[PDB]
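As provided, model.pdb (PDB, C-alpha atoms) reads as follows.
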ATOM      1  CA  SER M 102     -38.680 -84.860  41.757  1.00  0.00           C
ATOM      2  CA  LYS M 103     -37.251 -82.791  38.887  1.00  0.00           C
ATOM      3  CA  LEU M 104     -38.535 -84.638  35.805  1.00  0.00           C
ATOM      4  CA  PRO M 105     -40.151 -82.624  32.978  1.00  0.00           C
ATOM      5  CA  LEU M 106     -43.780 -83.785  32.731  1.00  0.00           C
ATOM      6  CA  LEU M 107     -46.547 -82.382  30.543  1.00  0.00           C
ATOM      7  CA  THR M 108     -50.317 -82.468  30.986  1.00  0.00           C
ATOM      8  CA  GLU M 109     -53.308 -82.805  28.678  1.00  0.00           C
ATOM      9  CA  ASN M 110     -53.327 -79.027  28.082  1.00  0.00           C
ATOM     10  CA  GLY M 111     -49.778 -77.815  28.585  1.00  0.00           C
ATOM     11  CA  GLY M 112     -48.120 -74.528  27.739  1.00  0.00           C
ATOM     12  CA  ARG M 113     -45.360 -72.472  29.351  1.00  0.00           C
ATOM     13  CA  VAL M 114     -44.313 -75.350  31.623  1.00  0.00           C
ATOM     14  CA  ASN M 115     -40.677 -76.437  31.120  1.00  0.00           C
ATOM     15  CA  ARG M 116     -38.187 -73.774  30.058  1.00  0.00           C
ATOM     16  CA  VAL M 117     -34.416 -74.278  29.895  1.00  0.00           C
ATOM     17  CA  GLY M 118     -31.362 -72.167  29.151  1.00  0.00           C
ATOM     18  CA  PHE M 119     -27.723 -72.446  28.159  1.00  0.00           C
ATOM     19  CA  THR M 120     -24.333 -71.016  29.109  1.00  0.00           C
ATOM     20  CA  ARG M 121     -20.866 -70.629  27.588  1.00  0.00           C
ATOM     21  CA  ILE M 122     -17.479 -69.888  29.161  1.00  0.00           C
ATOM     22  CA  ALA M 123     -14.122 -68.653  27.890  1.00  0.00           C
ATOM     23  CA  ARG M 124     -10.455 -69.592  28.327  1.00  0.00           C
ATOM     24  CA  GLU M 125      -7.315 -67.571  27.631  1.00  0.00           C
ATOM     25  CA  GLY M 126      -3.531 -67.650  27.543  1.00  0.00           C
ATOM     26  CA  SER M 127      -0.614 -65.276  27.110  1.00  0.00           C
ATOM     27  CA  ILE M 128       2.998 -65.198  25.914  1.00  0.00           C
ATOM     28  CA  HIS M 129       6.224 -63.939  27.491  1.00  0.00           C
ATOM     29  CA  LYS M 130       9.807 -63.074  26.548  1.00  0.00           C
ATOM     30  CA  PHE M 131      13.054 -64.718  27.699  1.00  0.00           C
ATOM     31  CA  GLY M 132      16.732 -64.241  26.907  1.00  0.00           C
ATOM     32  CA  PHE M 133      20.329 -64.193  28.102  1.00  0.00           C
ATOM     33  CA  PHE M 134      23.788 -63.368  26.763  1.00  0.00           C
ATOM     34  CA  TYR M 135      27.522 -63.491  27.479  1.00  0.00           C
ATOM     35  CA  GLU M 136      30.546 -61.274  26.820  1.00  0.00           C
ATOM     36  CA  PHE M 137      34.221 -61.732  25.950  1.00  0.00           C
ATOM     37  CA  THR M 138      37.318 -59.765  24.949  1.00  0.00           C
ATOM     38  CA  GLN M 139      39.685 -59.890  21.988  1.00  0.00           C
ATOM     39  CA  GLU M 140      42.650 -60.921  24.147  1.00  0.00           C
ATOM     40  CA  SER M 141      40.636 -63.857  25.492  1.00  0.00           C
ATOM     41  CA  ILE M 142      40.192 -65.235  21.970  1.00  0.00           C
ATOM     42  CA  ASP M 143      43.661 -64.399  20.659  1.00  0.00           C
ATOM     43  CA  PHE M 144      45.866 -65.522  23.556  1.00  0.00           C
ATOM     44  CA  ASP M 145      43.860 -68.564  24.668  1.00  0.00           C
ATOM     45  CA  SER M 146      45.571 -71.906  24.145  1.00  0.00           C
ATOM     46  CA  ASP M 147      42.465 -73.451  22.563  1.00  0.00           C
ATOM     47  CA  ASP M 148      41.329 -72.205  19.167  1.00  0.00           C
ATOM     48  CA  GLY M 149      37.691 -72.721  18.309  1.00  0.00           C
ATOM     49  CA  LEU M 150      36.523 -71.914  21.842  1.00  0.00           C
ATOM     50  CA  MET M 151      33.724 -69.869  20.262  1.00  0.00           C
TER      51      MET M 151
ATOM     52  CA  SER A 102    -120.471 -30.451   5.609  1.00  0.00           C
ATOM     53  CA  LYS A 103    -117.118 -31.049   3.893  1.00  0.00           C
ATOM     54  CA  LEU A 104    -118.090 -31.960   0.318  1.00  0.00           C
ATOM     55  CA  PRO A 105    -116.126 -30.360  -2.577  1.00  0.00           C
ATOM     56  CA  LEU A 106    -118.881 -28.351  -4.245  1.00  0.00           C
ATOM     57  CA  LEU A 107    -118.325 -25.944  -7.132  1.00  0.00           C
ATOM     58  CA  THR A 108    -120.084 -22.871  -8.475  1.00  0.00           C
ATOM     59  CA  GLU A 109    -120.558 -21.740 -12.064  1.00  0.00           C
ATOM     60  CA  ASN A 110    -117.942 -19.008 -11.616  1.00  0.00           C
ATOM     61  CA  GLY A 111    -115.165 -21.308 -10.430  1.00  0.00           C
ATOM     62  CA  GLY A 112    -112.005 -19.918  -8.884  1.00  0.00           C
ATOM     63  CA  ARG A 113    -109.317 -21.017  -6.445  1.00  0.00           C
ATOM     64  CA  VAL A 114    -111.340 -23.368  -4.255  1.00  0.00           C
ATOM     65  CA  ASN A 115    -110.969 -26.944  -2.986  1.00  0.00           C
ATOM     66  CA  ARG A 116    -107.208 -27.455  -2.815  1.00  0.00           C
ATOM     67  CA  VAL A 117    -105.731 -30.703  -1.476  1.00  0.00           C
ATOM     68  CA  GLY A 118    -102.347 -32.134  -0.540  1.00  0.00           C
ATOM     69  CA  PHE A 119    -100.411 -35.351  -0.037  1.00  0.00           C
ATOM     70  CA  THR A 120     -97.891 -36.963   2.321  1.00  0.00           C
ATOM     71  CA  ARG A 121     -95.440 -39.876   2.479  1.00  0.00           C
ATOM     72  CA  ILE A 122     -93.911 -41.964   5.277  1.00  0.00           C
ATOM     73  CA  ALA A 123     -90.604 -43.808   5.690  1.00  0.00           C
ATOM     74  CA  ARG A 124     -89.748 -47.085   7.448  1.00  0.00           C
ATOM     75  CA  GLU A 125     -86.476 -48.738   8.452  1.00  0.00           C
ATOM     76  CA  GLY A 126     -84.761 -51.858   9.756  1.00  0.00           C
ATOM     77  CA  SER A 127     -81.316 -52.991  10.862  1.00  0.00           C
ATOM     78  CA  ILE A 128     -79.142 -56.097  11.247  1.00  0.00           C
ATOM     79  CA  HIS A 129     -77.168 -57.688  14.090  1.00  0.00           C
ATOM     80  CA  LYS A 130     -74.392 -60.215  14.729  1.00  0.00           C
ATOM     81  CA  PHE A 131     -74.255 -63.540  16.607  1.00  0.00           C
ATOM     82  CA  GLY A 132     -71.778 -66.336  17.282  1.00  0.00           C
ATOM     83  CA  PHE A 133     -70.447 -68.997  19.635  1.00  0.00           C
ATOM     84  CA  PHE A 134     -67.624 -71.534  19.796  1.00  0.00           C
ATOM     85  CA  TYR A 135     -66.099 -74.478  21.671  1.00  0.00           C
ATOM     86  CA  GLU A 136     -62.656 -75.909  22.452  1.00  0.00           C
ATOM     87  CA  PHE A 137     -60.960 -79.296  22.802  1.00  0.00           C
ATOM     88  CA  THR A 138     -57.567 -80.985  23.175  1.00  0.00           C
ATOM     89  CA  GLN A 139     -55.629 -83.653  21.299  1.00  0.00           C
ATOM     90  CA  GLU A 140     -55.728 -86.267  24.065  1.00  0.00           C
ATOM     91  CA  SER A 141     -59.493 -85.767  24.263  1.00  0.00           C
ATOM     92  CA  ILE A 142     -59.684 -87.172  20.729  1.00  0.00           C
ATOM     93  CA  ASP A 143     -56.809 -89.661  20.718  1.00  0.00           C
ATOM     94  CA  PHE A 144     -57.669 -91.614  23.872  1.00  0.00           C
ATOM     95  CA  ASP A 145     -61.475 -91.420  23.846  1.00  0.00           C
ATOM     96  CA  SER A 146     -63.191 -94.772  23.392  1.00  0.00           C
ATOM     97  CA  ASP A 147     -65.565 -93.434  20.719  1.00  0.00           C
ATOM     98  CA  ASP A 148     -64.174 -92.460  17.335  1.00  0.00           C
ATOM     99  CA  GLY A 149     -66.228 -90.023  15.311  1.00  0.00           C
ATOM    100  CA  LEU A 150     -66.900 -87.853  18.366  1.00  0.00           C
ATOM    101  CA  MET A 151     -66.078 -84.692  16.406  1.00  0.00           C
TER     102      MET A 151
END
Would you kindly transcribe this structure into structure tokens?
Amino acid sequence: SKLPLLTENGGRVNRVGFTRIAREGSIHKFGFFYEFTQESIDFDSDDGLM
Amino acid sequence: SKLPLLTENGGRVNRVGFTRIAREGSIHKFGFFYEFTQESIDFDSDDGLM
């Protein structure tokens, strides 16, 4: 039913068009930390805990 | 009655005059045409139709 067919004298019969689309992405930030004291390092039995 | 006679004395008698006429003509334009298609030539049984 939807085939493009011409005739003997054909003009302005079969017009077509085009389309484009877009994609996107984003970035985020992460992080974490820990704390300690001087006594914890100095008086601990295990050196090199750091 | 209207002959140009003179007398021995002469004088300002028997004066005449002249005239001219003008004629004219103009031009015009004509034309005609015809149309055809490609399949009318390609698929017709008789070559040399044009």
Go through chain A and flag each residue having an atom no more than 10 Å from chain M; for those, report the closest pair of atoms plus their distance in Å to one decimal, using all atoms listed in the file, ordered by chain and rising number, as CSV.
residue,atom,partner,partner_atom,distance
A:137,CA,M:110,CA,9.3
A:138,CA,M:110,CA,6.8
A:139,CA,M:109,CA,7.8
A:140,CA,M:109,CA,6.3
A:141,CA,M:109,CA,8.2
Save the residues we just selected, C-alpha atoms, as a CSV table (one decimal), keeping the file's coordinate frame?
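File written: selection.csv
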chain,number,residue,atom,x,y,z
A,137,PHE,CA,-61.0,-79.3,22.8
A,138,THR,CA,-57.6,-81.0,23.2
A,139,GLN,CA,-55.6,-83.7,21.3
A,140,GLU,CA,-55.7,-86.3,24.1
A,141,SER,CA,-59.5,-85.8,24.3
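Atom pair atom CA of residue A:114 / atom CA of residue A:102: separated by 15.2 Å.
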Fit chain M to chain A, all Cα atoms paired in order, least squares. Then write it as an mmCIF file with C-alpha atoms, in the frame of the given file.
data_model
loop_
_atom_site.group_PDB
_atom_site.id
_atom_site.type_symbol
_atom_site.label_atom_id
_atom_site.label_comp_id
_atom_site.auth_asym_id
_atom_site.auth_seq_id
_atom_site.Cartn_x
_atom_site.Cartn_y
_atom_site.Cartn_z
ATOM 1 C CA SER M 102 -120.372 -31.082 5.605
ATOM 2 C CA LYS M 103 -116.985 -31.632 3.936
ATOM 3 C CA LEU M 104 -117.941 -32.296 0.303
ATOM 4 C CA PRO M 105 -116.066 -30.445 -2.475
ATOM 5 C CA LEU M 106 -118.632 -28.269 -4.279
ATOM 6 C CA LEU M 107 -118.028 -25.718 -7.025
ATOM 7 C CA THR M 108 -120.057 -22.675 -8.047
ATOM 8 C CA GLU M 109 -120.905 -20.962 -11.323
ATOM 9 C CA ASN M 110 -117.678 -18.918 -11.138
ATOM 10 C CA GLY M 111 -115.202 -20.948 -9.122
ATOM 11 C CA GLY M 112 -111.476 -20.570 -8.633
ATOM 12 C CA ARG M 113 -109.109 -21.264 -5.741
ATOM 13 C CA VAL M 114 -111.742 -23.269 -3.847
ATOM 14 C CA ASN M 115 -110.692 -26.885 -3.157
ATOM 15 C CA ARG M 116 -106.989 -27.568 -2.674
ATOM 16 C CA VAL M 117 -105.533 -30.890 -1.512
ATOM 17 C CA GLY M 118 -102.118 -32.271 -0.638
ATOM 18 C CA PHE M 119 -100.242 -35.530 -0.233
ATOM 19 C CA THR M 120 -97.832 -37.218 2.172
ATOM 20 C CA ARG M 121 -95.312 -40.070 2.161
ATOM 21 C CA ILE M 122 -93.682 -42.019 4.996
ATOM 22 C CA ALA M 123 -90.629 -44.249 5.336
ATOM 23 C CA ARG M 124 -89.791 -47.612 6.919
ATOM 24 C CA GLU M 125 -86.424 -49.103 7.852
ATOM 25 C CA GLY M 126 -84.651 -52.178 9.170
ATOM 26 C CA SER M 127 -81.205 -53.236 10.326
ATOM 27 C CA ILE M 128 -78.982 -56.312 10.605
ATOM 28 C CA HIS M 129 -77.017 -57.838 13.484
ATOM 29 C CA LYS M 130 -74.272 -60.391 14.134
ATOM 30 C CA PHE M 131 -74.459 -63.674 16.072
ATOM 31 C CA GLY M 132 -72.034 -66.493 16.819
ATOM 32 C CA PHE M 133 -70.719 -69.082 19.255
ATOM 33 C CA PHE M 134 -67.920 -71.640 19.492
ATOM 34 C CA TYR M 135 -66.501 -74.535 21.511
ATOM 35 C CA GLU M 136 -63.046 -75.814 22.472
ATOM 36 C CA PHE M 137 -61.341 -79.179 22.966
ATOM 37 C CA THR M 138 -57.926 -80.729 23.596
ATOM 38 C CA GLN M 139 -55.810 -83.293 21.769
ATOM 39 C CA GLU M 140 -56.013 -85.796 24.635
ATOM 40 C CA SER M 141 -59.812 -85.588 24.534
ATOM 41 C CA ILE M 142 -59.832 -86.744 20.906
ATOM 42 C CA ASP M 143 -57.029 -89.299 21.173
ATOM 43 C CA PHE M 144 -57.938 -91.097 24.407
ATOM 44 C CA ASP M 145 -61.732 -91.004 24.077
ATOM 45 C CA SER M 146 -63.394 -94.377 23.593
ATOM 46 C CA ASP M 147 -65.528 -93.110 20.699
ATOM 47 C CA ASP M 148 -63.829 -92.195 17.436
ATOM 48 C CA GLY M 149 -65.660 -89.771 15.199
ATOM 49 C CA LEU M 150 -66.869 -87.655 18.125
ATOM 50 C CA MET M 151 -65.990 -84.588 16.043
#
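Taking atom CA of residue M:113 as the reference point, atom CA of residue A:144 is found at 23.4 Å.
Between atom CA of residue A:133 and atom CA of residue A:150 there is a distance of 19.2 Å.
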N, CA and C atoms of stretch 110-132 of chain A from block above, as an mmCIF file, in the first residue's frame:
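Output saved as selection32.cif:
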data_model
loop_
_atom_site.group_PDB
_atom_site.id
_atom_site.type_symbol
_atom_site.label_atom_id
_atom_site.label_comp_id
_atom_site.auth_asym_id
_atom_site.auth_seq_id
_atom_site.Cartn_x
_atom_site.Cartn_y
_atom_site.Cartn_z
ATOM 1 N N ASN A 110 0.143 94.369 -67.792
ATOM 2 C CA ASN A 110 0.678 95.031 -66.607
ATOM 3 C C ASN A 110 1.341 94.037 -65.662
ATOM 4 N N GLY A 111 0.755 92.852 -65.509
ATOM 5 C CA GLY A 111 1.254 91.905 -64.532
ATOM 6 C C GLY A 111 0.709 92.199 -63.143
ATOM 7 N N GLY A 112 1.463 91.786 -62.136
ATOM 8 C CA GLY A 112 1.098 92.013 -60.753
ATOM 9 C C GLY A 112 1.058 90.719 -59.962
ATOM 10 N N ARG A 113 0.487 90.816 -58.761
ATOM 11 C CA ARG A 113 0.342 89.662 -57.875
ATOM 12 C C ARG A 113 -0.987 88.977 -58.176
ATOM 13 N N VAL A 114 -0.956 88.094 -59.170
ATOM 14 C CA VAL A 114 -2.119 87.319 -59.571
ATOM 15 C C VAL A 114 -1.703 85.869 -59.775
ATOM 16 N N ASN A 115 -2.683 84.969 -59.681
ATOM 17 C CA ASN A 115 -2.496 83.546 -59.965
ATOM 18 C C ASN A 115 -1.444 82.908 -59.060
ATOM 19 N N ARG A 116 -1.726 82.865 -57.761
ATOM 20 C CA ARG A 116 -0.870 82.145 -56.830
ATOM 21 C C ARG A 116 -1.418 80.742 -56.588
ATOM 22 N N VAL A 117 -0.510 79.797 -56.331
ATOM 23 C CA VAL A 117 -0.863 78.398 -56.134
ATOM 24 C C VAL A 117 -0.165 77.874 -54.884
ATOM 25 N N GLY A 118 -0.509 76.637 -54.509
ATOM 26 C CA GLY A 118 0.067 76.010 -53.340
ATOM 27 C C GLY A 118 0.156 74.506 -53.512
ATOM 28 N N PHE A 119 0.734 73.853 -52.504
ATOM 29 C CA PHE A 119 1.011 72.425 -52.556
ATOM 30 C C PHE A 119 0.703 71.777 -51.211
ATOM 31 N N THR A 120 0.689 70.442 -51.204
ATOM 32 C CA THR A 120 0.331 69.661 -50.025
ATOM 33 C C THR A 120 1.035 68.310 -50.085
ATOM 34 N N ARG A 121 1.178 67.670 -48.923
ATOM 35 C CA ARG A 121 1.761 66.338 -48.828
ATOM 36 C C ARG A 121 0.982 65.509 -47.813
ATOM 37 N N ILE A 122 1.072 64.185 -47.961
ATOM 38 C CA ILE A 122 0.325 63.237 -47.143
ATOM 39 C C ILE A 122 1.297 62.205 -46.580
ATOM 40 N N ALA A 123 0.923 61.615 -45.445
ATOM 41 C CA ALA A 123 1.746 60.633 -44.753
ATOM 42 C C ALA A 123 0.972 59.337 -44.549
ATOM 43 N N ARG A 124 1.685 58.212 -44.605
ATOM 44 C CA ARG A 124 1.110 56.884 -44.442
ATOM 45 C C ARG A 124 1.906 56.114 -43.396
ATOM 46 N N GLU A 125 1.339 55.017 -42.893
ATOM 47 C CA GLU A 125 1.966 54.295 -41.793
ATOM 48 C C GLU A 125 1.588 52.819 -41.808
ATOM 49 N N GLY A 126 2.364 52.035 -41.059
ATOM 50 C CA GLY A 126 2.091 50.622 -40.862
ATOM 51 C C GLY A 126 2.801 50.128 -39.619
ATOM 52 N N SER A 127 2.356 48.974 -39.118
ATOM 53 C CA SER A 127 2.851 48.448 -37.851
ATOM 54 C C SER A 127 3.021 46.936 -37.938
ATOM 55 N N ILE A 128 3.662 46.368 -36.912
ATOM 56 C CA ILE A 128 3.988 44.946 -36.870
ATOM 57 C C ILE A 128 3.332 44.300 -35.656
ATOM 58 N N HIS A 129 3.272 42.968 -35.671
ATOM 59 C CA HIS A 129 2.634 42.188 -34.618
ATOM 60 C C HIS A 129 3.451 40.935 -34.325
ATOM 61 N N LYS A 130 2.997 40.168 -33.334
ATOM 62 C CA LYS A 130 3.726 39.009 -32.827
ATOM 63 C C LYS A 130 2.822 37.782 -32.793
ATOM 64 N N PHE A 131 3.394 36.612 -33.094
ATOM 65 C CA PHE A 131 2.668 35.348 -33.107
ATOM 66 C C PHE A 131 3.533 34.241 -32.519
ATOM 67 N N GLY A 132 2.900 33.134 -32.127
ATOM 68 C CA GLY A 132 3.638 31.978 -31.651
ATOM 69 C C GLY A 132 2.736 30.890 -31.114
#
